[PDB]
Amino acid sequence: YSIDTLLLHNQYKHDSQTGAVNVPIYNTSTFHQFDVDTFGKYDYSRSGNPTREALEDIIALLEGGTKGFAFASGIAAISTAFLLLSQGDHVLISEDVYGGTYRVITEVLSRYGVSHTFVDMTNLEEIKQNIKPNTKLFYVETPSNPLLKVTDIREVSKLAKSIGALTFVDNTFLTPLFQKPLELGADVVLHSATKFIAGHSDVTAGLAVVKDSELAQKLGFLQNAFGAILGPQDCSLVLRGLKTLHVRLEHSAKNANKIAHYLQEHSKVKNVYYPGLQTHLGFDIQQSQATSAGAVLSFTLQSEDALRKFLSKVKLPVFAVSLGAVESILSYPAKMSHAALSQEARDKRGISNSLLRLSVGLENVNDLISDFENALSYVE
């Protein structure tokens, strides 16, 4: 069976006891013990419960892993996975990482003797150069926000393997549908399920999957010990969202590709960043490790002036910090994700004041293209 069938045909398609086609919501913190000595499958909801257990198994299945872990947020999943390191440990990490990941490495784990260097993970040499004797982790996020730069997961993993260092990949942007980091040599794959997996902007959630039973024991231990667990009612919303992940992402990715091609040929558009354009650096690497360019693109207008005119005229997209919704989302990274950086740090990452990110939702591609046409008509 292909992965689009597995979203529906798995262990949780029908409850044994009742035939229920949806996993019941166990809104219970306490489980009665029918025996004094042996405890029963569940003692305590934080430790485990049937709703969370189903989401954990299904994400492990989608990513080709042995165990899955559900967290209160994607950043809680990322933070918990970093607790796998101890003081003294060094981290090579993408200079383009999610702002939340940036903040946890620089402001929290720095107080606990976990050091880091930010690097271009797309440059295998610059990576090689900054290796240290205590380097225990390579942290990859591909494709990158908001220019969709591509990291060669296989090559970064091989380098990590060569010094017994771990590889973590934040696979939020493409989901398990399009990219499977564990098959490419990653040790931990991390998701903000808040984004495309849940897909409806209605729940905050994080997932991690591993393939190694020792790492699984350690991450499971940290999930329970820090306690940043996804509540059962939130697991249920993620489980429901997962059921449409194939039809949502196939449609949004295909329409993102058409809109990228249309924007790349408009005379008022300076640059388009999308890994499905042949001229996009990483095009080759993307095709070798993923089965789609995804549903997110960025583009540059002529000036900050054009960009503000465009935003004032477009009707269809929501204007928000986030992505991966069934509604199209326009973001202004210079004013949102990257506002807190120096102008110099934004200039180095190519994050100009003319740049917009589009997360493509489920609107008719022809309505999205017309809405853009119309808004671009009032520019230049």
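Note that residue numbering follows the sequence shown and begins at 1.
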item: Mean temperature factor over C-alpha atoms, higher-scoring stretch between 10-18 and 352-360; value: 10-18
item: Residue range whose averaged C-alpha B-factor is higher in the record, 310-318 or 51-59; value: 310-318
item: Per the PDB entry, maximal CA B factor within 252, 101, 271, 223; value: 271
item: Maximum C-alpha temperature factor, selected from 150, 124, 147, 256; value: 124
item: Residue 30, C-alpha B-factor rank within chain (lowest, middle or highest third); value: highest
item: Assigned third (lowest, middle, highest) for the C-alpha B factor of residue 134; value: highest
item: Ranked against its chain, the third holding the CA B-factor of residue 42; value: highest
item: CA B-factor ranking of residue 108, expressed as a third of its chain; value: middle
item: Chain thirds of CA B-factor: placement of residue 218; value: middle
